[PDB]
Protein chains: 4
Amino acid sequence: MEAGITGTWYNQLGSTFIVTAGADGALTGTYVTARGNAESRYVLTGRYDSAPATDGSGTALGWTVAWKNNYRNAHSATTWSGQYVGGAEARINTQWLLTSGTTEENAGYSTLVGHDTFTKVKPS
Amino acid sequence: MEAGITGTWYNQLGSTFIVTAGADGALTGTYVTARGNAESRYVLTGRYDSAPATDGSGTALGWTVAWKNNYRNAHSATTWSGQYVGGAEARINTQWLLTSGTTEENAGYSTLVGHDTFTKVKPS
Amino acid sequence: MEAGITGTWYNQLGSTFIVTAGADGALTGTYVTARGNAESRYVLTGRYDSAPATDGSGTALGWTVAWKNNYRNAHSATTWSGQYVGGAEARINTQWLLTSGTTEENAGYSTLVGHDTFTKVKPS
Amino acid sequence: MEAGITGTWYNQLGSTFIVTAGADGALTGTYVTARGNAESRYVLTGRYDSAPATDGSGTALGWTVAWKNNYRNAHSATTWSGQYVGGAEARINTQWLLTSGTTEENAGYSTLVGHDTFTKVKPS
Ligand SMILES: [Cl-]
Ligand SMILES: [Cl-]
Ligand SMILES: [Cl-]
Ligand SMILES: [Cl-]
Ligand SMILES: [Cl-]
Ligand SMILES: [Cl-]
Ligand SMILES: [Cl-]
Ligand SMILES: [Cl-]
Ligand SMILES: [Cl-]
Ligand SMILES: [Cl-]
Ligand SMILES: [Cl-]
Ligand SMILES: [Cl-]
Ligand SMILES: [Cl-]
Ligand SMILES: [Cl-]
Ligand SMILES: [Cl-]
Ligand SMILES: [Cl-]
Ligand SMILES: [Cl-]
Ligand SMILES: [Cl-]
Ligand SMILES: [Cl-]
Ligand SMILES: [Cl-]
Ligand SMILES: [Cl-]
Ligand SMILES: [Cl-]
Ligand SMILES: [Cl-]
Ligand SMILES: [Cl-]
Ligand SMILES: [Cl-]
Ligand SMILES: [Cl-]
Ligand SMILES: [Cl-]
Ligand SMILES: [Cl-]
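Residues numbered from 1 in each chain as written, not as in the entry; some residues may be left out. Chains lettered and ligands numbered in written order. Heavy atoms only, no water.

- As recorded in the PDB entry, chain A goes by Streptavidin and comes from Streptomyces avidinii.
- The title line of the PDB record says "Structure of Streptactin, solved at wavelength 2.75 A".
- Checking UniProt for chain A, the heading Subunit contains the comment "Homotetramer." (UniProt positions renumbered as here; feature names shortened; annotations may be inferred.)

What follows is the structure in structure tokens.
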């Protein structure tokens, strides 16, 4: 269990996610891209690794969004890998990989990499 | 639905996973590290993006394993991002990020990157 | 030629580099880690791709530091890949890979990934 | 000095590079893409970290190619980060980042990630 993960998080570019952390390591919820209607909402699922933190170490986690809903099918999926830190400056610091379905010929250029910082309050 | 994903896949280093692809984009199953007893089995969850493939393009997907079970708590989690290609040379080509829980001071060095190729038959 | 690259840049964690951009795409200079004496100075070399910017697009570049000098031999090297943007909010936004020399057995865990933002003035 | 690095290396997809390892950590040479005429040749520069190998550990290195020559200007640059291992199965195992110059709006999707294995003899 890591109750501090459960809730709404915002990246610095206008996306949102609402996650529930389950007692035995499940992450489930919804990822909302910058626009922010039903057209913009996607299922997310992942896992987190709770431990008896010894040195206010972060909590490791990851999740996936496949970019398909009732309004869009981007032929793509993103995974985020990172850690949650609680407290007054609570954050989920992540790196992400975005893979698109490609032909074999273009498979070398299938995967973008980047980073996201999620906070409990919106940027700007 | 992408029925060809469902089943057992092997990386080139001795790990296994058994996944079920659900009809509306869910991935669920178990990841087994090289040793291969109950000590070595972990929950995995992820998502895939099925589409009406136009040019035998791959199917985008991702999943997460938190490295905690009844026998180990590695304070870590890995995400795989990649694509499934079916047929005679079926494969899931992936890149992965492995994040460990760290102190703030060591947060810069929290995340390893690499790659895995999964096939329907074992290597060697 | 991209004269705006030439000079001193600071990351948000206390490192510095002083680079010269050569007329035909060379980057040469010195990278200084957080402490900031001779013990902390390393050779850097890389390349940049100048073009007749059409839409204030960034300038692609990359460089390498091998973490060996007269005072340290970390058995490691980092590459930065990113783009330079000039003007009032000048920056070099980068992602980096840090590889350590390993045994074959540990080769899978050889490479860390992260990100750095460089600015013309120091953080904080 | 690491004399075993100096020479010609081939990736598994038809590219070539010819590198010279200098005595004090310099890498210099030429990268040739799959086609393989003057149109396909680019300057490379990087660094390697030589050390008194204790356990046949690899040698850490990195290099950059800006994708501009007299025939092409791709507004891009790739960095490779990896390690050299000598002997009967000599190889340079790498991960790479490819960044394109973008607008600010598209900066999030500027950087592709992948992997290359270089050997002394051609694939296939
Ligand atoms: Cl986002
Ligand atoms: Cl749970
Ligand atoms: Cl959307
Ligand atoms: Cl929907
Ligand atoms: Cl494609
Ligand atoms: Cl962000
Ligand atoms: Cl970030
Ligand atoms: Cl594995
Ligand atoms: Cl489903
Ligand atoms: Cl294990
Ligand atoms: Cl278990
Ligand atoms: Cl730590
Ligand atoms: Cl593999
Ligand atoms: Cl692979
Ligand atoms: Cl640094
Ligand atoms: Cl030059
Ligand atoms: Cl240092
Ligand atoms: Cl020195
Ligand atoms: Cl090692
Ligand atoms: Cl930074
Ligand atoms: Cl950054
Ligand atoms: Cl190549
Ligand atoms: Cl040299
Ligand atoms: Cl070319
Ligand atoms: Cl040329
Ligand atoms: Cl662009
Ligand atoms: Cl390759
Ligand atoms: Cl490879």
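## Focus on the interface of chain D and chain A
In step 1: Between chain D and chain A, the contact holds eight residues from the first and eight residues from the second.
In step 2: Per-residue buried area on chain D facing chain A is highest for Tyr109, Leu112 and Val113 of chain D; these three make up 60% of the total on that side.
In step 3: At the surface where chain D touches chain A, the tally comes to two residue pairs in polar contact.
In step 4: When contributions to the side of chain D that touches chain A are tallied by element, the ones reaching two or more residues are β7 (91-100) and β8 (111-119) of chain D.
In step 5: In terms of residue class, the side of chain D that touches chain A is built from six nonpolar, two polar and no charged. (Contact = heavy atoms within 4.5 Å. Buried area = accessible area lost by both parts, 1.4 Å probe. Polar contact = N/O pair within 3.5 Å; in protein donor to acceptor, adjacent residues only side chain to side chain. Helix = DSSP H or I, 4+ residues; strand = E, 2+ residues; numbered from the N terminus. Nonpolar A, V, L, I, M, F, W, Y, C, P; charged D, E, K, R; others polar.)

## Thoughts on the relation of the copies chain B and chain A
In step 1: Superposing chain B onto chain A takes a rotation of 180° combined with a translation of 0.0 Å along the rotation axis, leaving an RMSD of 0.0 Å. Taken together, the rotation angle and the small translation identify this as a two-fold axis.
In step 2: Same-surface contact between copies: 100% of interface residues of chain B are shared with the interface of chain A. (Least-squares fit on C-alpha atoms.)

## Considerations on the relation of the copies chain D and chain A
In step 1: For the pair chain D and chain A, the superposition axis carries a translation of 0.0 Å, the fit reaches an RMSD of 0.0 Å, and the rotation angle comes to 180°.
In step 2: Comparing interface residues between copies, 100% of those in chain D also sit at the interface in chain A, which points to an isologous, same-surface contact.

## So, the interface of chain B and chain A
In step 1: Counting from both sides, the interface comprises 44 residues of chain B and, opposite them, 44 residues of chain A.
In step 2: Here chain B and chain A share an interface that buries about 3,100 Å² over both sides, 52% of which is from carbon and sulfur atoms.
In step 3: Inspection of the region where chain B meets chain A yields two salt bridges.
In step 4: Here chain B is connected to chain A by 25 residue pairs in polar contact.
In step 5: Every element with two or more residues in the side of chain B that touches chain A is listed here: β4 (41-49), β5 (59-68), β6 (73-85) and β7 (91-100) of chain B.
In step 6: It is β6 of chain B that contributes the most residues to the side of chain B that touches chain A, eleven residues altogether. (Salt bridge = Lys/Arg side-chain N within 4 Å of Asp/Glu carboxyl O.)

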